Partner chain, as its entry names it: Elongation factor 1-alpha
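The chain below stands alone and is given in structure tokens; this is the form deposited without the partner chain.
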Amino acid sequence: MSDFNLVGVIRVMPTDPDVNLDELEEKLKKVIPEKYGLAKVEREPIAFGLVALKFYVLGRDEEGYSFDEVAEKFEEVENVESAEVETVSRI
């Protein structure tokens, strides 16, 4: 087929308000495995001083692709409190 037919949006919550965001994204973007693609990075700041990051990761609906997998790789990065897969959709 050659394209991407799925998108999984992973929400990452930083450990605390003081976390440098630009650096976080840059680190997370390179932790994204080779076969996945990036479609969009969004910031959703919250009232308490923190700002959640939303990654729209591209993949395929075939063995070998696991959005929970990249969420986990995301959780290994420093200053990341947690990474979850909010939803997955066909594209």
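Positions refer to the first chain, counted from 1.
What comes next is about the form deposited with the partner chain bound, which does not appear here.
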(message) Can you tell me if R60 lies within 4.5 angstroms of the partner chain in the deposited bound form, counting non-hydrogen atoms only?
(response) yes
(message) Is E78 near the partner chain? Define near as a heavy atom within 4.5 Å, in the deposited bound form.
(response) no
(request) Verify the contact flag for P33: yes if a non-hydrogen atom of it lies within 4.5 Å of a non-hydrogen atom of the partner chain in the deposited bound form, no if not. (result) no
(message) I'd like to check something about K40: if you look in the deposited bound form, is any of its heavy atoms closer than or equal to 4.5 Å to a heavy atom of the partner chain?
(response) yes
